[PDB]
Structures are given as structure tokens and as C-alpha cells.
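Chemist: Contents are mmCIF, C-alpha atoms; file name upload-v2.cif:
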```
data_final
loop_
_atom_site.group_PDB
_atom_site.id
_atom_site.type_symbol
_atom_site.label_atom_id
_atom_site.label_comp_id
_atom_site.auth_asym_id
_atom_site.auth_seq_id
_atom_site.Cartn_x
_atom_site.Cartn_y
_atom_site.Cartn_z
ATOM 1 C CA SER A 1 25.032 -6.871 -25.892
ATOM 2 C CA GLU A 2 21.992 -6.783 -23.632
ATOM 3 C CA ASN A 3 20.406 -8.630 -26.478
ATOM 4 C CA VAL A 4 22.179 -11.769 -27.547
ATOM 5 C CA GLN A 5 20.272 -13.799 -30.053
ATOM 6 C CA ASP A 6 21.021 -15.923 -33.045
ATOM 7 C CA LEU A 7 19.103 -19.163 -33.206
ATOM 8 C CA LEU A 8 18.829 -22.342 -31.113
ATOM 9 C CA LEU A 9 20.053 -22.214 -27.464
ATOM 10 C CA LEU A 10 16.680 -21.081 -26.230
ATOM 11 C CA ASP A 11 15.435 -24.642 -26.526
ATOM 12 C CA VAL A 12 14.453 -24.582 -22.953
ATOM 13 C CA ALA A 13 11.379 -23.968 -20.902
ATOM 14 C CA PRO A 14 10.817 -20.171 -20.760
ATOM 15 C CA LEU A 15 8.470 -20.514 -17.824
ATOM 16 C CA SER A 16 8.364 -22.555 -14.749
ATOM 17 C CA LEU A 17 5.431 -24.812 -15.236
ATOM 18 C CA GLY A 18 3.681 -25.944 -12.193
ATOM 19 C CA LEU A 19 0.525 -27.250 -10.744
ATOM 20 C CA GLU A 20 -1.804 -26.278 -8.000
ATOM 21 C CA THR A 21 -0.962 -28.960 -5.599
ATOM 22 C CA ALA A 22 -1.619 -28.715 -1.926
ATOM 23 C CA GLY A 23 -3.751 -25.930 -0.545
ATOM 24 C CA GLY A 24 -1.478 -23.001 -0.931
ATOM 25 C CA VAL A 25 1.425 -24.792 -2.559
ATOM 26 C CA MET A 26 2.488 -24.275 -6.108
ATOM 27 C CA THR A 27 4.748 -27.060 -7.190
ATOM 28 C CA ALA A 28 6.715 -26.104 -10.290
ATOM 29 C CA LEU A 29 7.778 -29.372 -11.843
ATOM 30 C CA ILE A 30 9.485 -28.037 -14.922
ATOM 31 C CA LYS A 31 11.363 -24.965 -14.071
ATOM 32 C CA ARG A 32 12.573 -22.401 -16.641
ATOM 33 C CA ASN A 33 15.965 -22.616 -18.360
ATOM 34 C CA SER A 34 15.668 -26.374 -18.415
ATOM 35 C CA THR A 35 16.295 -27.778 -21.886
ATOM 36 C CA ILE A 36 13.417 -29.579 -23.480
ATOM 37 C CA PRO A 37 12.296 -32.282 -23.899
ATOM 38 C CA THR A 38 11.807 -32.083 -20.159
ATOM 39 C CA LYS A 39 9.966 -34.390 -17.841
ATOM 40 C CA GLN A 40 9.140 -34.840 -14.210
ATOM 41 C CA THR A 41 7.131 -37.700 -12.846
ATOM 42 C CA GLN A 42 5.951 -37.154 -9.318
ATOM 43 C CA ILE A 43 3.492 -39.107 -7.236
ATOM 44 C CA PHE A 44 0.995 -37.043 -5.359
ATOM 45 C CA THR A 45 -1.495 -37.956 -2.714
ATOM 46 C CA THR A 46 -4.498 -36.108 -1.377
ATOM 47 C CA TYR A 47 -4.881 -34.660 2.135
ATOM 48 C CA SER A 48 -8.408 -34.080 1.104
ATOM 49 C CA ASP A 49 -9.810 -37.566 1.688
ATOM 50 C CA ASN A 50 -12.868 -39.114 0.038
ATOM 51 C CA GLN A 51 -12.531 -37.040 -3.107
ATOM 52 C CA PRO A 52 -13.561 -39.157 -6.190
ATOM 53 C CA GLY A 53 -12.343 -36.467 -8.517
ATOM 54 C CA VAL A 54 -9.341 -34.232 -8.264
ATOM 55 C CA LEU A 55 -8.399 -31.136 -10.205
ATOM 56 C CA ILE A 56 -5.123 -30.901 -12.044
ATOM 57 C CA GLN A 57 -4.491 -27.366 -13.158
ATOM 58 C CA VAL A 58 -1.328 -26.040 -14.805
ATOM 59 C CA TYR A 59 0.065 -22.623 -13.920
ATOM 60 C CA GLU A 60 3.131 -20.728 -15.142
ATOM 61 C CA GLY A 61 5.443 -18.743 -13.022
ATOM 62 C CA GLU A 62 6.205 -19.065 -9.376
ATOM 63 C CA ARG A 63 4.439 -18.025 -6.267
ATOM 64 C CA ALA A 64 4.273 -19.682 -2.913
ATOM 65 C CA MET A 65 0.594 -20.170 -3.207
ATOM 66 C CA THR A 66 -0.889 -20.855 -6.523
ATOM 67 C CA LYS A 67 -2.399 -17.548 -7.675
ATOM 68 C CA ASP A 68 -1.158 -14.349 -9.452
ATOM 69 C CA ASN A 69 0.229 -16.569 -12.149
ATOM 70 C CA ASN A 70 -0.832 -17.662 -15.582
ATOM 71 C CA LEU A 71 -3.129 -20.615 -16.166
ATOM 72 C CA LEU A 72 -2.492 -22.871 -19.174
ATOM 73 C CA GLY A 73 -5.272 -25.335 -18.752
ATOM 74 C CA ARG A 74 -6.925 -27.718 -16.371
ATOM 75 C CA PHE A 75 -8.509 -31.156 -16.310
ATOM 76 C CA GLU A 76 -10.504 -32.989 -13.703
ATOM 77 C CA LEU A 77 -9.443 -36.542 -13.041
ATOM 78 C CA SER A 78 -12.270 -38.625 -11.725
ATOM 79 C CA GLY A 79 -12.072 -42.214 -10.700
ATOM 80 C CA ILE A 80 -10.150 -41.782 -7.491
ATOM 81 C CA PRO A 81 -11.362 -44.256 -4.832
ATOM 82 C CA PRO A 82 -12.795 -42.349 -1.832
ATOM 83 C CA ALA A 83 -10.062 -43.308 0.537
ATOM 84 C CA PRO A 84 -8.302 -41.652 3.559
ATOM 85 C CA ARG A 85 -5.591 -39.001 3.445
ATOM 86 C CA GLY A 86 -2.424 -40.031 1.695
ATOM 87 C CA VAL A 87 -3.983 -43.128 0.188
ATOM 88 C CA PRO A 88 -4.843 -42.075 -3.479
ATOM 89 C CA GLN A 89 -1.619 -42.290 -5.444
ATOM 90 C CA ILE A 90 -1.667 -39.991 -8.400
ATOM 91 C CA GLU A 91 1.249 -40.367 -10.752
ATOM 92 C CA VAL A 92 1.750 -37.173 -12.606
ATOM 93 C CA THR A 93 3.968 -37.320 -15.601
ATOM 94 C CA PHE A 94 4.689 -33.793 -16.592
ATOM 95 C CA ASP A 95 6.863 -33.525 -19.735
ATOM 96 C CA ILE A 96 7.501 -31.112 -22.582
ATOM 97 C CA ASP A 97 8.492 -32.360 -26.024
ATOM 98 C CA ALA A 98 10.912 -30.842 -28.588
ATOM 99 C CA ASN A 99 8.201 -28.510 -30.020
ATOM 100 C CA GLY A 100 7.462 -27.147 -26.660
ATOM 101 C CA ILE A 101 4.318 -29.051 -25.992
ATOM 102 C CA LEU A 102 3.597 -29.797 -22.410
ATOM 103 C CA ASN A 103 1.825 -33.029 -21.814
ATOM 104 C CA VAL A 104 0.509 -33.609 -18.362
ATOM 105 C CA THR A 105 -0.691 -37.066 -17.596
ATOM 106 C CA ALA A 106 -2.388 -37.808 -14.324
ATOM 107 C CA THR A 107 -2.613 -41.479 -13.642
ATOM 108 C CA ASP A 108 -4.399 -42.731 -10.581
ATOM 109 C CA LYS A 109 -2.372 -45.705 -9.475
ATOM 110 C CA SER A 110 -5.234 -46.823 -7.323
ATOM 111 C CA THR A 111 -7.664 -47.514 -10.193
ATOM 112 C CA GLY A 112 -5.400 -47.271 -13.206
ATOM 113 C CA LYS A 113 -7.313 -44.504 -14.839
ATOM 114 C CA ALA A 114 -5.342 -41.813 -16.587
ATOM 115 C CA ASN A 115 -6.243 -38.497 -18.117
ATOM 116 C CA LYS A 116 -3.835 -36.247 -19.907
ATOM 117 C CA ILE A 117 -3.783 -32.838 -21.493
ATOM 118 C CA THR A 118 -1.684 -31.643 -24.418
ATOM 119 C CA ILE A 119 -0.714 -27.946 -24.338
ATOM 120 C CA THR A 120 1.621 -26.215 -26.757
ATOM 121 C CA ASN A 121 3.685 -23.488 -25.038
ATOM 122 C CA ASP A 122 4.312 -21.908 -28.437
ATOM 123 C CA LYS A 123 1.152 -19.921 -27.904
ATOM 124 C CA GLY A 124 0.151 -18.531 -24.590
ATOM 125 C CA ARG A 125 -1.973 -16.211 -22.561
ATOM 126 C CA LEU A 126 -1.379 -12.486 -21.965
ATOM 127 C CA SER A 127 0.769 -10.989 -24.639
ATOM 128 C CA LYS A 128 4.148 -12.017 -23.153
ATOM 129 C CA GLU A 129 5.370 -8.778 -21.597
ATOM 130 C CA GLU A 130 3.185 -9.372 -18.538
ATOM 131 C CA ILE A 131 4.477 -12.932 -18.278
ATOM 132 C CA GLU A 132 8.065 -11.696 -18.304
ATOM 133 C CA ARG A 133 7.093 -9.309 -15.471
ATOM 134 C CA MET A 134 5.495 -12.241 -13.656
ATOM 135 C CA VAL A 135 8.751 -14.227 -13.877
ATOM 136 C CA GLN A 136 10.739 -11.212 -12.715
ATOM 137 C CA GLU A 137 8.367 -10.708 -9.729
ATOM 138 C CA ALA A 138 8.748 -14.422 -8.927
ATOM 139 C CA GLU A 139 12.515 -13.971 -8.759
ATOM 140 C CA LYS A 140 12.206 -10.653 -6.963
ATOM 141 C CA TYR A 141 9.922 -11.843 -4.180
ATOM 142 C CA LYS A 142 11.249 -15.389 -4.389
ATOM 143 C CA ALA A 143 12.646 -15.382 -0.853
ATOM 144 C CA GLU A 144 9.260 -14.445 0.528
ATOM 145 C CA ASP A 145 7.444 -17.025 -1.540
ATOM 146 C CA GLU A 146 9.951 -19.750 -0.710
ATOM 147 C CA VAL A 147 9.378 -19.386 3.024
ATOM 148 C CA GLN A 148 5.607 -19.149 2.529
ATOM 149 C CA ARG A 149 5.557 -22.186 0.229
ATOM 150 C CA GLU A 150 7.768 -24.341 2.411
ATOM 151 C CA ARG A 151 5.658 -23.475 5.439
ATOM 152 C CA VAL A 152 3.089 -25.781 3.993
ATOM 153 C CA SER A 153 5.140 -28.909 3.921
ATOM 154 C CA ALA A 154 4.335 -32.510 4.776
ATOM 155 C CA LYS A 155 4.042 -34.623 1.665
ATOM 156 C CA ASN A 156 3.357 -34.066 -2.042
ATOM 157 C CA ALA A 157 -0.345 -33.749 -2.258
ATOM 158 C CA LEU A 158 -3.089 -32.191 -4.309
ATOM 159 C CA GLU A 159 -5.957 -30.483 -2.602
ATOM 160 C CA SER A 160 -9.500 -30.291 -3.678
ATOM 161 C CA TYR A 161 -11.643 -27.438 -2.219
ATOM 162 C CA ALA A 162 -8.342 -25.738 -1.327
ATOM 163 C CA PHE A 163 -10.083 -22.407 -0.923
ATOM 164 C CA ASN A 164 -12.318 -21.794 2.029
ATOM 165 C CA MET A 165 -14.495 -18.946 1.005
ATOM 166 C CA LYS A 166 -17.067 -20.427 3.280
ATOM 167 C CA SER A 167 -15.782 -22.986 5.749
ATOM 168 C CA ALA A 168 -17.749 -26.084 6.759
ATOM 169 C CA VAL A 169 -17.356 -25.934 10.533
ATOM 170 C CA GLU A 170 -15.503 -23.422 12.699
ATOM 171 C CA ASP A 171 -17.344 -23.247 16.051
ATOM 172 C CA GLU A 172 -17.224 -26.400 18.067
ATOM 173 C CA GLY A 173 -16.091 -24.732 21.258
ATOM 174 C CA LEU A 174 -17.581 -25.294 24.655
ATOM 175 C CA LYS A 175 -19.937 -22.391 25.091
ATOM 176 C CA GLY A 176 -23.633 -22.955 25.610
ATOM 177 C CA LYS A 177 -23.272 -26.516 24.696
ATOM 178 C CA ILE A 178 -21.110 -27.718 27.588
ATOM 179 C CA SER A 179 -20.575 -24.496 29.466
ATOM 180 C CA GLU A 180 -17.809 -26.015 31.531
ATOM 181 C CA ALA A 181 -14.639 -25.406 29.655
ATOM 182 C CA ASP A 182 -12.281 -23.598 32.063
ATOM 183 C CA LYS A 183 -9.434 -24.121 29.629
ATOM 184 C CA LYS A 184 -9.132 -26.920 27.095
ATOM 185 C CA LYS A 185 -6.742 -24.998 24.981
ATOM 186 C CA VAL A 186 -3.504 -24.222 26.721
ATOM 187 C CA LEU A 187 -1.049 -23.223 24.021
ATOM 188 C CA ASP A 188 -0.569 -20.882 21.080
ATOM 189 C CA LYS A 189 3.114 -20.055 21.107
ATOM 190 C CA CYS A 190 3.960 -23.718 21.331
ATOM 191 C CA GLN A 191 3.410 -26.938 19.266
ATOM 192 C CA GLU A 192 4.446 -25.155 16.107
ATOM 193 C CA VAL A 193 8.203 -24.526 15.900
ATOM 194 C CA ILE A 194 9.379 -20.942 16.495
ATOM 195 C CA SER A 195 11.330 -19.216 13.736
ATOM 196 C CA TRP A 196 13.737 -16.357 14.281
ATOM 197 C CA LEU A 197 13.346 -13.160 12.276
ATOM 198 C CA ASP A 198 16.470 -11.970 10.523
ATOM 199 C CA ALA A 199 17.827 -9.003 12.385
ATOM 200 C CA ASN A 200 19.536 -6.563 10.026
ATOM 201 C CA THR A 201 22.020 -5.042 12.349
ATOM 202 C CA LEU A 202 23.513 -2.110 10.439
ATOM 203 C CA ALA A 203 23.605 1.490 11.493
ATOM 204 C CA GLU A 204 23.728 4.692 9.492
ATOM 205 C CA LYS A 205 26.380 7.334 9.223
ATOM 206 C CA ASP A 206 25.763 11.040 8.774
ATOM 207 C CA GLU A 207 27.379 13.994 7.015
ATOM 208 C CA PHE A 208 26.839 17.710 7.527
ATOM 209 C CA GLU A 209 28.004 20.894 5.906
ATOM 210 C CA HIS A 210 27.533 24.475 6.931
ATOM 211 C CA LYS A 211 29.678 27.123 5.353
ATOM 212 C CA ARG A 212 28.416 30.688 4.552
ATOM 213 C CA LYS A 213 28.368 33.988 6.390
ATOM 214 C CA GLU A 214 26.537 37.267 6.064
ATOM 215 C CA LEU A 215 28.372 39.395 8.593
ATOM 216 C CA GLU A 216 31.325 40.617 6.600
ATOM 217 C CA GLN A 217 32.537 43.272 8.967
ATOM 218 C CA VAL A 218 32.516 43.671 12.658
ATOM 219 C CA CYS A 219 31.720 47.275 13.285
ATOM 220 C CA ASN A 220 32.682 48.377 16.751
ATOM 221 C CA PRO A 221 31.637 52.011 17.341
ATOM 222 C CA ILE A 222 34.155 53.923 19.359
ATOM 223 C CA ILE A 223 33.441 57.148 21.127
ATOM 224 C CA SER A 224 34.848 60.101 19.278
ATOM 225 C CA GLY A 225 33.518 63.411 20.380
ATOM 226 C CA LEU A 226 34.624 66.396 22.308
ATOM 227 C CA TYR A 227 32.831 69.278 23.936
ATOM 228 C CA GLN A 228 33.442 72.481 25.757
ATOM 229 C CA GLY A 229 31.785 73.687 28.899
ATOM 230 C CA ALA A 230 30.939 77.346 28.802
ATOM 231 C CA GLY A 231 30.660 79.599 31.804
ATOM 232 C CA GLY A 232 29.609 83.148 32.402
ATOM 233 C CA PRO A 233 29.512 85.876 35.052
ATOM 234 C CA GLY A 234 26.765 87.412 37.143
ATOM 235 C CA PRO A 235 26.067 91.106 37.938
ATOM 236 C CA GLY A 236 27.088 91.536 41.547
ATOM 237 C CA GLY A 237 26.119 95.097 42.211
ATOM 238 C CA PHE A 238 24.611 95.400 45.661
ATOM 239 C CA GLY A 239 24.890 98.055 48.310
ATOM 240 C CA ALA A 240 22.390 99.387 50.804
ATOM 241 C CA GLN A 241 22.626 103.131 51.378
ATOM 242 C CA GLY A 242 21.610 104.749 54.615
ATOM 243 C CA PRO A 243 22.176 108.537 54.755
ATOM 244 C CA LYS A 244 22.011 109.926 58.265
ATOM 245 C CA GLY A 245 23.381 112.824 60.218
ATOM 246 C CA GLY A 246 21.145 115.550 61.512
ATOM 247 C CA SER A 247 17.747 114.116 62.277
ATOM 248 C CA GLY A 248 15.992 112.941 65.414
ATOM 249 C CA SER A 249 14.330 114.323 68.477
ATOM 250 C CA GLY A 250 15.197 117.972 68.452
ATOM 251 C CA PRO A 251 13.797 120.135 71.260
ATOM 252 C CA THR A 252 14.696 123.778 71.806
ATOM 253 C CA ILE A 253 17.748 122.647 73.855
ATOM 254 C CA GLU A 254 16.603 124.420 76.969
ATOM 255 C CA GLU A 255 13.167 123.286 78.109
ATOM 256 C CA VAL A 256 9.917 125.307 77.713
ATOM 257 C CA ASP A 257 11.245 128.710 76.691
#
```
What is this structure when it is put down as C-alpha cells?

Modeler:
Amino acid sequence: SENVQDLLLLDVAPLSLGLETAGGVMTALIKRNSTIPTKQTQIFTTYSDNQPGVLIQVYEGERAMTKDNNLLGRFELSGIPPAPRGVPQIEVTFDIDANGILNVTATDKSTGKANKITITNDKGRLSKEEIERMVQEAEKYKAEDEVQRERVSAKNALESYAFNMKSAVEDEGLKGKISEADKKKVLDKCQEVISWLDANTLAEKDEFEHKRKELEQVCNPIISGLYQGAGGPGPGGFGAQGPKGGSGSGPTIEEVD
């Protein structure tokens, strides 16, 4: 079901075979799922002028910039007349036969010299599992690689020294030598066309839930109590006696004797 196999049918290119072309451009001439014998003849030029020898190197997979992919083989075509940019015409005939042998012929139209390589795709690098992953990643990040790849567009070309680990010159500015610059560079956000980023305008939507209680009863204490006020008496027994009657100043009634 997921597996469907019998015989025949898979008489196609399992990989997308490409070349390192311009500096940062992988051109896949024979793309996967294309029935073999396949062929693609494309004429390339060099931006890199005055190069008497160019490097044709075959990679499998797809990336924007030629790296992170598999390498089948390479060959260096010498004979190219040291001419300006876009002048050397390299005819590259890239074809796979019925066995699955990729033959890449680079023919310099300028001189007439041709060098080819014969590579069977029956055998390969890695085991295969990694290659399948590589293809899947190439599909997966394809959109990203497409934009990246097509950002380096002008003309089909092959670049020699297409990796600046150490650049030739990169400080020609007016500094000590000619200290009068003021401004000779006016733009940055101009000259090169502006692209718009894709705004993904979608908002979220929430959900909540909150259902559980701990207070089962509502206890409301009511006053329920009585009392009795007790009272008592007091001993009110008071009375001041004053016996009198027959006491005082008592002379002999008649004075002296």
C-alpha cells in the first residue's frame, strides 16, 4: 500500500542531478522522476572572466546554493580562451542512458575542446537512506531554496573561485588615501528591487474550562441561646438609737442651800 513495487516503472532518475554553476546556484538539469534516457543540453558562460580552466562538478539533490548535497564526480575542463564575462560558450550535454549512466560532456564552443565523464548512478555515495532524506529536505525547504537560488539570476553561467574564503580586494574606500569623500555612496535601500514579505494574517482562538467546587455547604451560624438574669436582696437593717430622758445640768433646784 505504502509500498508499491513490482518491476519496471522506476526507470527514471531517482535524484535530481545538477551542477555547480554560478556562484551559489545549483542548476539541476535532470530532475528526478524523469524517465531515462534523459538529456539536457545547456550552454553556459562564465561571469568569472579570464579563466582558462573551469570546473564541472556533478551534485545530486537540490539546494539553492550548491552544498549539503551529494557529489558524484568532477572534471576540470581546460582550454577555455581567457576572454571577458559571458564570452566562453560551454555546451554541456548532460544525459543519462538506459542503464542509468550519466554522461556529462562539457564542450567549449570557443576552442572546440570537449571533456566528458561517465558515471553510473547504479552505485552511489552514502548508503541511500541519507540521500532519501536529502531529497525530502530539498522538497521540504524547497520554497526557501527556490527564492535563494533565483536571487542569483542573470544568465546561465559557471563560476570558478565561487567561494571567497579570502577575498582579493575589499577596501578601496576613500579614507587615508583621498580623505575627501563626504559621501560617494548614497543608497542601500535602492538600486536592488524591494521584495515584500508574506504576511500571515491569521489570529488564534481560545477555549477555557473551569468547573469544580470545594465549598459544599454554606454554613450560616444563627444565634441560638438564652439566659436568665438573677437578682438578689440586700440587708437593710439600720436604725440609730438615742435613749434620753433624765440627764443634764441638775442643781439642787434652789440655789446654794

Chemist: Run the PyMOL selection byres ((chain A and resi 88-94) around 9) against the file shown and list the residues it catches, as a PyMOL selection string.

Modeler: chain A and resi 29-30+38-46+49+80-87+95-96+102-110+114+116+157-158

Chemist: Show me, as a list in words, the residues that have an atom within 10 Å of range 148-156 of chain A when counting all atoms listed in the file, minus same-chain residues fewer than 4 positions from it.

Modeler: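 My reading of the contact set: residues 21, 22, 23, 24, 25, 26, 27, 42, 43, 44, 45, 46, 47, 63, 64, 65, 66, 86, 142, 143 and 144 of chain A.
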
Chemist: Taking 5 positions as the minimum chain separation for residues in the same chain, which residues sit within 12 Å of residue 195 in chain A when counting all atoms listed in the file? Answer as a VMD selection string.

Modeler: chain A and resid 147 151 189 to 190

Chemist: Go through the shown structure with the PyMOL selection byres ((chain A and resi 134) around 9) and write out the matching residues as a PyMOL selection string.

Modeler: chain A and resi 60-62+68-70+129-133+135-139

Chemist: Report, in Å with one decimal, the straight-line distance from CA of residue 119 in chain A to CA of residue 51 in chain A.

Modeler: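 Those two atoms sit 25.9 Å apart.
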
Chemist: Quick one: pull the distance between CA of residue 31 in chain A and CA of residue 71 in chain A, Å, one decimal.

Modeler: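 A separation of 15.3 Å between them.
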